[PDB]
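Here is the structure we will look at.
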Amino acid sequence: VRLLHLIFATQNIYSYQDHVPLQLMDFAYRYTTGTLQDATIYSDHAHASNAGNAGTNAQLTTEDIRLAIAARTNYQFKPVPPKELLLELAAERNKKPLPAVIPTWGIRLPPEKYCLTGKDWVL
Amino acid sequence: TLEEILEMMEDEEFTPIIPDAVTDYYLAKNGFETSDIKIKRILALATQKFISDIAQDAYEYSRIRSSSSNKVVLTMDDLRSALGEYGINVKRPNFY
Amino acid sequence: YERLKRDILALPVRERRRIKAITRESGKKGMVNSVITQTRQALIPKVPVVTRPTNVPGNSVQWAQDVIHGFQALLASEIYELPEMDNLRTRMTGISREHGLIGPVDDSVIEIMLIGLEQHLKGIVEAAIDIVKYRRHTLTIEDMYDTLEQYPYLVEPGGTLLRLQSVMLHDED
Amino acid sequence: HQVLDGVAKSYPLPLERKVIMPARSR
Amino acid sequence: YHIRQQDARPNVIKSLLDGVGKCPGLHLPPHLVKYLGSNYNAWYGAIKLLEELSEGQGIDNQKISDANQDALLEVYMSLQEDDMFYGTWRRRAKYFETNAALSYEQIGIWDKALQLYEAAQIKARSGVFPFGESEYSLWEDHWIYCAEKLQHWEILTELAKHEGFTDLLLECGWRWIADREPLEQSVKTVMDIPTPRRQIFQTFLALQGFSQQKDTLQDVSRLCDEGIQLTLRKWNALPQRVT
Amino acid sequence: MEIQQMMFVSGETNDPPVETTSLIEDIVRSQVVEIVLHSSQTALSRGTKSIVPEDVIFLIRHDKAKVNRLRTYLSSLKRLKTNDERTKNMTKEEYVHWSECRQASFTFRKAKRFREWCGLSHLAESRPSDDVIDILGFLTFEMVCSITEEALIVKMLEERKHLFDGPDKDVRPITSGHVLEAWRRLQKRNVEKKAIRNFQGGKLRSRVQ
Amino acid sequence: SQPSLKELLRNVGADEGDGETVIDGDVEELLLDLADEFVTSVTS
Amino acid sequence: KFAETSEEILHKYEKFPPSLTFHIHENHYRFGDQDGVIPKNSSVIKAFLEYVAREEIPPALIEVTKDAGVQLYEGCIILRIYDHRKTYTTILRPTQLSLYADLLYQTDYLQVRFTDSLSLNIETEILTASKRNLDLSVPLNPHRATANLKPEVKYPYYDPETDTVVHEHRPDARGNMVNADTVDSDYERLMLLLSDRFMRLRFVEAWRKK
């Protein structure tokens with residue numbers, strides 16, 4: 001799609017390979033199918049389905065779509081930078097002292113039985 | 001048992017369809033070197049078997065499609081169904 | 001290419017629709033897209049206080065004493081056992097009022113939730129047991145990190161995995 | 001012509017974002 | 001057995017609790033004795049047990065001795081003897097400002113009684129003295145007992161606006177045609193678990209709705225009929241001799 | 001679920017209260033409605049409204065096929081032999097009761113109420129046959145027998161003068177938690193050969209048995 | 001009213017019979033935290 | 001006149017009370033004008049004391065401390081502890097989480113037209129530099145950025161018998177050893193069945209004022 005090239009133009013990336021637009025459009029189709037599918041399930045849920053209790057009539061307001069998307073981003077879609085979590089977590093790590101030692105001009109390795117000894121693997 | 005299975009991989013009587021060179025490349029990619037030949041043939045074998053399983057899934061799901069009791073083509077519906085029945089995810093292609 | 005691209009886009013009749021999308025959308029009171037306000041507004045407790053233009057039914061006034069009580073519980077991971085009903089109920093009321101609902105949880109929710117929980121954890125530990133031994137052993141942290149490297153679809157990311165990669169301490173310390 | 005370049009300033013948005021915030025920290 | 005539904009003449013609980021007190025050596029828990037004696041009958045079969053534990057020997061535990069005294073002091077309050085109520089408290093209480101205010105209150109001058117309660121709590125509140133869990137249910141409840149004996153009904157209006165319970169329904173109610181709609185729904189939040197007091201609020205607003213024609217007559221006859229039968233059940237739970 | 005309680009007795013064990021039987025009733029109903037959902041969807045994707053046996057046997061598509069074929073035609077193994085050999089016995093009509101459960105399945109005659117109690121609003125333009133009703137009877141019976149096996153397994157894995165009022169004829173084996181653990185166990189996810197997409201994120205899938 | 005820890009230990013004593021005794025301070029805390037996160041997300 | 005030091009902040013910045021005084025008498029915990037008291041509740045004050053045995057202000061003081069004090073009360077704090085077995089004081093400082101909290105409570109007003117990610121970012125480029133005009137940017141020569149003095153080493157050698165040898169540090173934990181730490185009056189409990197065991201002074205001291 002030419003409009004996908006137009007959207008590429010926003011990020012200064014005019015060097016595509018022409019498989020990307022097919023692929024990303026396929027992707028968005030898949031994604032929105034799933035989205036407005038489970039939103040339709042939730043529109044059914046407000047319409048109180050089981051093995052025969054009532055009908056199924058579709059409106060699909062925006063709230064249902066919002067629900068169907070928040071569930072997806074519950075386990076996907078790299079969220080806002082979780083800075084505070086990382087700050088406190090890293091303060092918990094950044095708490096116990098350095099070793100304050102001298103291996104005296106070499107490399108200090110972990111002890112063997114934590115080192116690997118990359119021999120030819122064998123039974 | 002198990003020990004027969006590495007009695008057998010060594011000699012030419014059982015040499016997986018996947019050539020030794022290609023599996024060596026894919027061992028190396030994902031980071032494994034060893035101067036044994038058994039293990040590489042073995043991962044070859046397991047992969048051969050897994051693809052055979054999706055093969056039979058495709059065969060039967062094609063056999064259901066019409067006339068239970070211009071040649072055969074393993075299309076996107078057959079694949080959509082078998083890959084789905086696995087854990088392989090949804091294939092929702094499109095046009096326009 | 002850019003000029004020719006825009007000309008070809010005008011070749012389609014959607015040049016008019018393209019010409020109209022110049023404004024700033026979200027014609028609402030707002031949809032902020034920043035980070036810090038998302039965080040803060042997703043950190044303080046909320047309060048479901050209600051209007052009353054003509055009549056707002058419910059027959060049970062909204063309170064935020066419940067939210068404070070919910071955030072004050074001796075939640076799990078301090079204690080050594082999965083929470084018994086009462087703790088979980090006290091925590092839920094807090095969350096329901098804090099999201100903007102009203103009415104008391106009805107004592108069947110807690111039990112189905114415990115059920116799903118213990119099912120979850122049995123799955124996880126079965127995975128780790130499938131790691132360590134093929135067919136007298138004793139299990140460690142590293143095996144669980146291994147199996148949460150293999151199978152991460154089990155746990156939802158966030159909060160704990162980052163915390164998991166900040167507890168792997170070395171032997172002497 | 002350039003009118004469409006000047007117009008193409010959409011600034012799209014999502015609907016909802018997640019915020020990684022556990023129970024313990026807050 | 002649901003309500004262990006005897007609730008009849010010399011029944012099982014009365015004959016079991018009065019058989020315990022005739023044998024020394026067993027010492028049934030005091031808030032169970034208070035519950036069994038009040039709910040079924042045999043009030044005086046319960047004071048035989050809650051005085052046997054208090055006097056005589058000591059039980060060699062402060063937390064069994066203080067839970068006995070609280071179980072005793074709401075038996076005396078239920079049977080409305082105050083002279084044994086106010087004499088068990090000041091035998092027990094530890095401050096000086098509450099041994100003064102309890103004794104200015106069973107005499108009956110309620111102006112020097114309330115001053116010695118607000119001067120009792122400021123002996124606390126970062127005071128060094130520990131003051132107990134009970135003796136703090138005496139300060140904050142007999143400040144509001146004397147402040148409603150003295151008829152200060154505008155001060156404890158704004159007090160009961162904040163907590164919110166039957167004390168708001170009692171003082172703001174009687175001290176109903178124009179403010180009926182806030183009063184009616186606030187009754188029905190507390191009209192469950194009914195008592196002989198709460199039916200008088202339910203009946204009276206059904207009577208001043210009949211005055212404005214909002215409520216029909218017949219309903220006040222049914223509301224007075226099913227309310228008297230609850231007043232009957234509280235009379236039958238009391239001892240035989242009229243005190 | 002009187003038939004299920006009889007079927008539960010047929011497997012091995014006795015004395016379920018109403019709780020476990022109503023729960024098992026819900027279980028079987030859910031399994032079966034899911035089966036018919038999938039089979040109807042597949043047929044209509046082939047382009048036919050009538051529900052058929054070829055789809056449904058392939059819907060199971062597993063060692064689940066040999067036993068089902070035998071049931072239609074009429075209309076490891078050492079253990080199932082050894083346990084039955086241990087059972088061999090008589091009196092108070094010992095072998096007699098065994099037969100009851102075999103010929104009291106929903107497919108025996110009561111096909112109508114079995115059709116109606118489960119979902120039937122689906123496929124309003126068509127209506128399936130009684131052959132599939134018998135089939136479902138087979139599947140429901142096998143599901144009840146399996147569930148009971150796992151419940152007993154987990155139960156076992158957990159490990160003065162008489163006052164004459166205790167009858168010494170009452171036992172309490174089976175309850176909600178046992179069946180729940182068993183039905184977790186049976187949802188062994190897939191053989192795990194169907195969840196090999198090991199390193200990723202996200203998941204969803206339905207399952208049977 | 002009514003006359004008034006063995007939940008996890010029962011969640012794990014019934015998984016295996018060859019010991020496999022987990023350790024607190026390293027493993028158990030992880031699991032409790034996971035459970036907490038699960039309940040919070042679900043009820044939200 | 002650089003003053004971004006640790007011990008000097010306590011030595012010089014002294015003899016004035018913008019502080020928060022603590023109070024201890026071996027059973028309760030208190031600070032400031034507190035009507036209430038805190039007992040040994042390890043859910044809270046041990047989280048505090050963990051930080052205060054170090055020199056970090058916890059992240060959470062800031063917003064209440066800000067809305068309370070309009071000035072002469074911030075930048076850092078010192079805490080006034082005094083026992084009843086003396087008086088003692090010791091200093092606490094930021095951690096970059098306190099600083100990020102100093103940006104949060106600024107977000108409860110003007111959430112729109114505020115260019116949060118821009119303005120509240122660039123704010124730190126000025127603040128962080130301004131807090132710290134004492135950095136130690138001074139090199140020193142290794143054996144690696146000059147010549148003629150490259151040293152010798154003898155750990156990564158080649159024995160004639162054995163293949164090669166390396167340097168690998170030394171724990172005390174062996175194999176098949178103990179893994180880690182452990183997995184962690186009923187007469188009175190029977191004698192206390194059905195026991196189930198200053199706000200009304202606050203609402204009357206206002207009316208006695210009126």
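Please note that chains go A, B, ... in the order of the structure tokens, that every chain numbers its residues from 1, and that ligands are numbered from 1 in the order shown.
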
Subject >> Interface list for chain H, partner chain C, 12 Å threshold, only C-alpha atoms, as a VMD selection string >> reply: chain H and resid 41 to 44 63 100 to 121 169 to 174 176 to 181 183 to 184

Selection export as a PDB file, in the first residue's frame, atoms kept: C-alpha atoms:
```pdb
ATOM      1  CA  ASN H  41       5.174  -3.176  63.654  1.00  0.00           C
ATOM      2  CA  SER H  42       7.822  -4.643  61.378  1.00  0.00           C
ATOM      3  CA  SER H  43       5.547  -4.076  58.379  1.00  0.00           C
ATOM      4  CA  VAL H  44       6.538  -0.379  58.403  1.00  0.00           C
ATOM      5  CA  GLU H  63       4.884  14.785  49.513  1.00  0.00           C
ATOM      6  CA  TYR H 100      12.039  11.095  41.055  1.00  0.00           C
ATOM      7  CA  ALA H 101       9.362  11.423  43.741  1.00  0.00           C
ATOM      8  CA  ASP H 102      10.157  15.150  43.802  1.00  0.00           C
ATOM      9  CA  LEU H 103       8.827  15.108  40.231  1.00  0.00           C
ATOM     10  CA  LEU H 104       5.721  13.013  40.926  1.00  0.00           C
ATOM     11  CA  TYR H 105       3.865  15.220  43.448  1.00  0.00           C
ATOM     12  CA  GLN H 106       4.346  18.038  40.862  1.00  0.00           C
ATOM     13  CA  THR H 107       2.065  16.022  38.546  1.00  0.00           C
ATOM     14  CA  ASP H 108      -1.140  16.323  40.581  1.00  0.00           C
ATOM     15  CA  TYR H 109      -1.729  19.705  38.861  1.00  0.00           C
ATOM     16  CA  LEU H 110      -1.550  20.763  35.195  1.00  0.00           C
ATOM     17  CA  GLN H 111      -1.378  17.334  33.608  1.00  0.00           C
ATOM     18  CA  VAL H 112      -2.133  18.791  30.165  1.00  0.00           C
ATOM     19  CA  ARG H 113      -0.078  21.375  28.219  1.00  0.00           C
ATOM     20  CA  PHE H 114       2.807  20.527  30.560  1.00  0.00           C
ATOM     21  CA  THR H 115       5.129  18.662  28.118  1.00  0.00           C
ATOM     22  CA  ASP H 116       5.912  16.223  30.921  1.00  0.00           C
ATOM     23  CA  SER H 117       8.458  13.945  29.227  1.00  0.00           C
ATOM     24  CA  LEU H 118      10.360  16.998  27.957  1.00  0.00           C
ATOM     25  CA  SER H 119      10.217  19.564  30.766  1.00  0.00           C
ATOM     26  CA  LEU H 120      10.422  17.125  33.663  1.00  0.00           C
ATOM     27  CA  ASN H 121      13.369  15.460  31.938  1.00  0.00           C
ATOM     28  CA  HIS H 169      38.811 -17.813  43.114  1.00  0.00           C
ATOM     29  CA  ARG H 170      37.906 -19.916  46.146  1.00  0.00           C
ATOM     30  CA  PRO H 171      34.552 -20.569  47.907  1.00  0.00           C
ATOM     31  CA  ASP H 172      33.887 -23.008  50.755  1.00  0.00           C
ATOM     32  CA  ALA H 173      30.663 -24.565  49.393  1.00  0.00           C
ATOM     33  CA  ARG H 174      31.153 -28.164  48.219  1.00  0.00           C
ATOM     34  CA  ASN H 176      26.007 -32.549  47.892  1.00  0.00           C
ATOM     35  CA  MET H 177      25.967 -30.135  50.849  1.00  0.00           C
ATOM     36  CA  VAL H 178      23.178 -28.573  52.897  1.00  0.00           C
ATOM     37  CA  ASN H 179      21.365 -26.192  50.589  1.00  0.00           C
ATOM     38  CA  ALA H 180      20.206 -23.208  52.653  1.00  0.00           C
ATOM     39  CA  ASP H 181      18.314 -22.099  55.773  1.00  0.00           C
ATOM     40  CA  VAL H 183      11.810 -23.543  55.257  1.00  0.00           C
ATOM     41  CA  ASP H 184      10.338 -21.073  57.775  1.00  0.00           C
TER      42      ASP H 184
END
```

**OP:** Apply DSSP to the backbone of this structure and, from range 25-156 of chain H, keep only the residues in strand (DSSP E or B); write these as a ChimeraX atom specification.
**Re:** /H:29-31,38,56,77-82,87-93

Written selection (N, CA and C atoms) as a PDB file, in the first residue's frame:
```
ATOM      1  N   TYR H  29       7.496   3.818  69.191  1.00  0.00           N
ATOM      2  CA  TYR H  29       8.219   4.637  68.226  1.00  0.00           C
ATOM      3  C   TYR H  29       7.366   5.853  67.892  1.00  0.00           C
ATOM      4  N   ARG H  30       7.992   7.029  67.839  1.00  0.00           N
ATOM      5  CA  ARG H  30       7.277   8.261  67.534  1.00  0.00           C
ATOM      6  C   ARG H  30       8.233   9.257  66.891  1.00  0.00           C
ATOM      7  N   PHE H  31       7.669  10.144  66.068  1.00  0.00           N
ATOM      8  CA  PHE H  31       8.375  11.348  65.659  1.00  0.00           C
ATOM      9  C   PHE H  31       7.421  12.533  65.658  1.00  0.00           C
ATOM     10  N   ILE H  38       3.521   4.267  67.570  1.00  0.00           N
ATOM     11  CA  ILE H  38       3.804   3.139  66.689  1.00  0.00           C
ATOM     12  C   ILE H  38       4.453   2.044  67.532  1.00  0.00           C
ATOM     13  N   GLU H  56      19.936   7.074  53.798  1.00  0.00           N
ATOM     14  CA  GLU H  56      19.003   7.370  52.724  1.00  0.00           C
ATOM     15  C   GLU H  56      17.651   7.760  53.295  1.00  0.00           C
ATOM     16  N   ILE H  77      17.330  16.011  55.321  1.00  0.00           N
ATOM     17  CA  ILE H  77      16.849  16.018  56.693  1.00  0.00           C
ATOM     18  C   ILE H  77      17.924  15.465  57.605  1.00  0.00           C
ATOM     19  N   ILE H  78      17.749  15.751  58.887  1.00  0.00           N
ATOM     20  CA  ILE H  78      18.421  15.057  59.972  1.00  0.00           C
ATOM     21  C   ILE H  78      17.336  14.676  60.965  1.00  0.00           C
ATOM     22  N   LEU H  79      17.535  13.566  61.671  1.00  0.00           N
ATOM     23  CA  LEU H  79      16.523  12.999  62.552  1.00  0.00           C
ATOM     24  C   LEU H  79      17.050  13.023  63.979  1.00  0.00           C
ATOM     25  N   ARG H  80      16.185  13.394  64.920  1.00  0.00           N
ATOM     26  CA  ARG H  80      16.559  13.574  66.320  1.00  0.00           C
ATOM     27  C   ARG H  80      16.031  12.381  67.106  1.00  0.00           C
ATOM     28  N   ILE H  81      16.936  11.467  67.438  1.00  0.00           N
ATOM     29  CA  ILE H  81      16.626  10.277  68.221  1.00  0.00           C
ATOM     30  C   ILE H  81      17.237  10.449  69.601  1.00  0.00           C
ATOM     31  N   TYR H  82      16.509  10.031  70.629  1.00  0.00           N
ATOM     32  CA  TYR H  82      17.007  10.116  71.994  1.00  0.00           C
ATOM     33  C   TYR H  82      16.451   8.968  72.817  1.00  0.00           C
ATOM     34  N   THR H  87      20.872  11.471  73.877  1.00  0.00           N
ATOM     35  CA  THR H  87      20.335  12.019  72.640  1.00  0.00           C
ATOM     36  C   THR H  87      21.369  11.800  71.551  1.00  0.00           C
ATOM     37  N   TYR H  88      20.895  11.497  70.349  1.00  0.00           N
ATOM     38  CA  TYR H  88      21.756  11.222  69.215  1.00  0.00           C
ATOM     39  C   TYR H  88      21.102  11.779  67.961  1.00  0.00           C
ATOM     40  N   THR H  89      21.921  12.049  66.950  1.00  0.00           N
ATOM     41  CA  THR H  89      21.434  12.482  65.650  1.00  0.00           C
ATOM     42  C   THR H  89      22.343  11.926  64.567  1.00  0.00           C
ATOM     43  N   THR H  90      21.759  11.668  63.399  1.00  0.00           N
ATOM     44  CA  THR H  90      22.518  11.189  62.253  1.00  0.00           C
ATOM     45  C   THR H  90      21.750  11.546  60.988  1.00  0.00           C
ATOM     46  N   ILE H  91      22.462  11.618  59.864  1.00  0.00           N
ATOM     47  CA  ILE H  91      21.971  12.280  58.662  1.00  0.00           C
ATOM     48  C   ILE H  91      21.453  11.261  57.657  1.00  0.00           C
ATOM     49  N   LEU H  92      20.535  11.714  56.800  1.00  0.00           N
ATOM     50  CA  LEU H  92      19.968  10.920  55.718  1.00  0.00           C
ATOM     51  C   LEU H  92      19.978  11.760  54.450  1.00  0.00           C
ATOM     52  N   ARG H  93      20.058  11.104  53.283  1.00  0.00           N
ATOM     53  CA  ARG H  93      20.261  11.787  52.010  1.00  0.00           C
ATOM     54  C   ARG H  93      19.372  11.217  50.903  1.00  0.00           C
TER      55      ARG H  93
END
```

Original post:
Counting only C-alpha atoms, what is within 7 Å of range 76-84 of chain B, bar same-chain residues fewer than 2 positions away, as a ChimeraX atom specification?
Top reply: /B:54,57-58,61-62,74,86-91

Subject >> Test item: chain F residues at most 10 Å from chain C, counting only C-alpha atoms, as a ChimeraX atom specification >> reply: /F:177,180-181,184-185,188-189,195-204

Would you mind exporting the chosen residues as an mmCIF file, in the first residue's frame, restricted to C-alpha atoms?
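Saved the output as again-v4.cif:
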```cif
data_model
loop_
_atom_site.group_PDB
_atom_site.id
_atom_site.type_symbol
_atom_site.label_atom_id
_atom_site.label_comp_id
_atom_site.auth_asym_id
_atom_site.auth_seq_id
_atom_site.Cartn_x
_atom_site.Cartn_y
_atom_site.Cartn_z
ATOM 1 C CA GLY F 177 -10.856 -31.296 45.471
ATOM 2 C CA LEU F 180 -10.487 -30.876 40.555
ATOM 3 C CA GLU F 181 -6.920 -32.113 40.810
ATOM 4 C CA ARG F 184 -6.185 -30.410 36.155
ATOM 5 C CA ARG F 185 -4.075 -33.503 35.565
ATOM 6 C CA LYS F 188 -2.163 -32.081 30.849
ATOM 7 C CA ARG F 189 -2.186 -29.060 28.548
ATOM 8 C CA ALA F 195 3.102 -26.533 23.359
ATOM 9 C CA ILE F 196 6.753 -26.894 22.141
ATOM 10 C CA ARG F 197 6.819 -23.168 21.176
ATOM 11 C CA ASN F 198 8.939 -23.028 24.370
ATOM 12 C CA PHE F 199 10.475 -19.536 24.461
ATOM 13 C CA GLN F 200 7.866 -16.815 23.687
ATOM 14 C CA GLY F 201 4.929 -15.206 25.510
ATOM 15 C CA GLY F 202 1.108 -15.284 25.606
ATOM 16 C CA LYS F 203 -1.168 -18.324 25.302
ATOM 17 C CA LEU F 204 -4.729 -19.604 24.837
#
```

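Interface residues on chain G toward chain A (cut-off 12 Å, only C-alpha atoms): residues 38, 41, 42 and 44 of chain G.
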
**OP:** Would you kindly return, as number ranges by chain, each protein, DNA or RNA residue with an atom no farther than 10 Å from any atom of residue 8 in chain D, considering only C-alpha atoms and excluding same-chain residues fewer than 3 positions away?
**Re:** A: 6-7, 10; C: 18-23; D: 2-5, 11

Store the residues picked out above in a file with N, CA, C and O atoms, as a PDB file, in the first residue's frame.
```
ATOM      1  N   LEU A   6       3.824   6.212   2.769  1.00  0.00           N
ATOM      2  CA  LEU A   6       3.590   7.541   3.316  1.00  0.00           C
ATOM      3  C   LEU A   6       3.806   7.567   4.822  1.00  0.00           C
ATOM      4  O   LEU A   6       4.262   8.576   5.370  1.00  0.00           O
ATOM      5  N   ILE A   7       3.475   6.471   5.497  1.00  0.00           N
ATOM      6  CA  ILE A   7       3.656   6.397   6.942  1.00  0.00           C
ATOM      7  C   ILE A   7       5.115   6.141   7.278  1.00  0.00           C
ATOM      8  O   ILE A   7       5.622   6.609   8.305  1.00  0.00           O
ATOM      9  N   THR A  10       7.329   9.234   7.846  1.00  0.00           N
ATOM     10  CA  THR A  10       7.330   9.983   9.095  1.00  0.00           C
ATOM     11  C   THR A  10       8.583   9.762   9.929  1.00  0.00           C
ATOM     12  O   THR A  10       8.912  10.626  10.749  1.00  0.00           O
TER      13      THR A  10
ATOM     14  N   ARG C  18      -7.407  12.536   3.274  1.00  0.00           N
ATOM     15  CA  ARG C  18      -6.055  12.868   3.695  1.00  0.00           C
ATOM     16  C   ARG C  18      -5.930  14.344   4.032  1.00  0.00           C
ATOM     17  O   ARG C  18      -5.166  14.711   4.929  1.00  0.00           O
ATOM     18  N   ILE C  19      -6.677  15.202   3.337  1.00  0.00           N
ATOM     19  CA  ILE C  19      -6.591  16.636   3.581  1.00  0.00           C
ATOM     20  C   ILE C  19      -7.259  17.043   4.885  1.00  0.00           C
ATOM     21  O   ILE C  19      -6.911  18.090   5.446  1.00  0.00           O
ATOM     22  N   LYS C  20      -8.201  16.248   5.390  1.00  0.00           N
ATOM     23  CA  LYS C  20      -8.945  16.630   6.583  1.00  0.00           C
ATOM     24  C   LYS C  20      -8.226  16.275   7.877  1.00  0.00           C
ATOM     25  O   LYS C  20      -8.573  16.823   8.929  1.00  0.00           O
ATOM     26  N   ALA C  21      -7.232  15.391   7.829  1.00  0.00           N
ATOM     27  CA  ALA C  21      -6.596  14.874   9.040  1.00  0.00           C
ATOM     28  C   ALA C  21      -5.389  15.727   9.431  1.00  0.00           C
ATOM     29  O   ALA C  21      -4.276  15.238   9.623  1.00  0.00           O
ATOM     30  N   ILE C  22      -5.641  17.029   9.560  1.00  0.00           N
ATOM     31  CA  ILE C  22      -4.616  17.987   9.946  1.00  0.00           C
ATOM     32  C   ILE C  22      -4.703  18.372  11.418  1.00  0.00           C
ATOM     33  O   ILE C  22      -3.693  18.788  11.996  1.00  0.00           O
ATOM     34  N   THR C  23      -5.870  18.243  12.040  1.00  0.00           N
ATOM     35  CA  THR C  23      -6.062  18.710  13.401  1.00  0.00           C
ATOM     36  C   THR C  23      -5.399  17.757  14.388  1.00  0.00           C
ATOM     37  O   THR C  23      -4.707  16.806  14.015  1.00  0.00           O
TER      38      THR C  23
ATOM     39  N   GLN D   2       1.889  20.183  -1.556  1.00  0.00           N
ATOM     40  CA  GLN D   2       2.490  20.341  -0.235  1.00  0.00           C
ATOM     41  C   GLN D   2       1.453  20.510   0.871  1.00  0.00           C
ATOM     42  O   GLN D   2       1.785  20.317   2.049  1.00  0.00           O
ATOM     43  N   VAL D   3       0.221  20.891   0.521  1.00  0.00           N
ATOM     44  CA  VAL D   3      -0.869  20.958   1.490  1.00  0.00           C
ATOM     45  C   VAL D   3      -1.018  19.639   2.244  1.00  0.00           C
ATOM     46  O   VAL D   3      -1.238  19.636   3.461  1.00  0.00           O
ATOM     47  N   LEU D   4      -0.874  18.508   1.555  1.00  0.00           N
ATOM     48  CA  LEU D   4      -1.011  17.212   2.205  1.00  0.00           C
ATOM     49  C   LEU D   4       0.177  16.872   3.088  1.00  0.00           C
ATOM     50  O   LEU D   4       0.003  16.184   4.099  1.00  0.00           O
ATOM     51  N   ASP D   5       1.374  17.330   2.731  1.00  0.00           N
ATOM     52  CA  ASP D   5       2.510  17.188   3.629  1.00  0.00           C
ATOM     53  C   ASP D   5       2.295  17.990   4.903  1.00  0.00           C
ATOM     54  O   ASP D   5       2.589  17.509   6.002  1.00  0.00           O
ATOM     55  N   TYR D  11      -0.189  12.405  14.646  1.00  0.00           N
ATOM     56  CA  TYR D  11       0.101  12.109  16.046  1.00  0.00           C
ATOM     57  C   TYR D  11      -0.910  11.104  16.580  1.00  0.00           C
ATOM     58  O   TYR D  11      -1.742  11.449  17.429  1.00  0.00           O
TER      59      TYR D  11
END
```

Subject >> Every residue of chain A that DSSP places in alpha helix (DSSP H), as a ChimeraX atom specification >> reply: /A:2-8,20-46,62-72,83-93

Original post:
Near residue 8 in chain F, within 8 Å and counting only C-alpha atoms, which residues show up once chain neighbours fewer than 5 positions away are dropped, as a ChimeraX atom specification?
Top reply: /F:13-14,144-145,148

Produce a file of the selected residues containing N, CA, C and O atoms, as a PDB file, in the first residue's frame.
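What ended up in again30.pdb:
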```pdb
ATOM      1  N   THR F  13     -15.639 -46.981  42.177  1.00  0.00           N
ATOM      2  CA  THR F  13     -15.861 -46.565  43.559  1.00  0.00           C
ATOM      3  C   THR F  13     -17.323 -46.183  43.818  1.00  0.00           C
ATOM      4  O   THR F  13     -18.121 -45.999  42.897  1.00  0.00           O
ATOM      5  N   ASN F  14     -17.661 -46.039  45.106  1.00  0.00           N
ATOM      6  CA  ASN F  14     -19.025 -45.824  45.575  1.00  0.00           C
ATOM      7  C   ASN F  14     -19.119 -44.545  46.402  1.00  0.00           C
ATOM      8  O   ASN F  14     -18.113 -43.956  46.807  1.00  0.00           O
ATOM      9  N   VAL F 144     -16.313 -40.238  32.222  1.00  0.00           N
ATOM     10  CA  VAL F 144     -16.645 -40.456  33.662  1.00  0.00           C
ATOM     11  C   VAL F 144     -15.698 -41.521  34.225  1.00  0.00           C
ATOM     12  O   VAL F 144     -15.181 -41.319  35.341  1.00  0.00           O
ATOM     13  N   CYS F 145     -15.447 -42.583  33.453  1.00  0.00           N
ATOM     14  CA  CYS F 145     -14.555 -43.679  33.920  1.00  0.00           C
ATOM     15  C   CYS F 145     -13.141 -43.132  34.143  1.00  0.00           C
ATOM     16  O   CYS F 145     -12.544 -43.463  35.186  1.00  0.00           O
ATOM     17  N   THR F 148     -12.778 -40.737  37.212  1.00  0.00           N
ATOM     18  CA  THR F 148     -12.826 -41.511  38.445  1.00  0.00           C
ATOM     19  C   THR F 148     -11.489 -42.169  38.725  1.00  0.00           C
ATOM     20  O   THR F 148     -11.042 -42.234  39.879  1.00  0.00           O
TER      21      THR F 148
END
```

Sorted by chain and rising residue number, list the residues of chain A at most 8 Å from chain F (counting only C-alpha atoms), each with its closest atom pair and distance in Å to one decimal, as JSON lines.
```
{"residue": "A:51", "atom": "CA", "partner": "F:119", "partner_atom": "CA", "distance": 4.8}
{"residue": "A:52", "atom": "CA", "partner": "F:121", "partner_atom": "CA", "distance": 5.7}
{"residue": "A:75", "atom": "CA", "partner": "F:202", "partner_atom": "CA", "distance": 6.4}
{"residue": "A:76", "atom": "CA", "partner": "F:202", "partner_atom": "CA", "distance": 7.6}
```

**OP:** Quick one: everything within 9 Å of range 207-209 of chain E, counting only C-alpha atoms, minus sequence neighbours fewer than 3 positions away in the same chain. Send it as a PyMOL selection string.
**Re:** chain E and resi 176-177+180+202-204+212-217+219-220

**OP:** Compile the contact shell of residue 20 in chain B as a ChimeraX atom specification: residues with an atom at most 8 Å away, counting only C-alpha atoms, same-chain residues fewer than 2 positions apart removed.
**Re:** /B:18,22-24,40-41

Can you build me a table of chain G residues sitting at most 12 Å from chain D, with the closest atom pair per residue and its distance in Å to one decimal, using only C-alpha atoms, sorted by chain and residue number, as a tab-separated table?
```
residue	atom	partner	partner_atom	distance
G:32	CA	D:24	CA	11.5
G:33	CA	D:24	CA	8.7
G:34	CA	D:22	CA	10.3
G:35	CA	D:23	CA	11.1
G:36	CA	D:23	CA	7.5
G:37	CA	D:22	CA	6.8
G:38	CA	D:22	CA	10.3
G:39	CA	D:23	CA	10.0
G:40	CA	D:23	CA	7.3
G:41	CA	D:22	CA	9.3
G:44	CA	D:23	CA	11.7
```
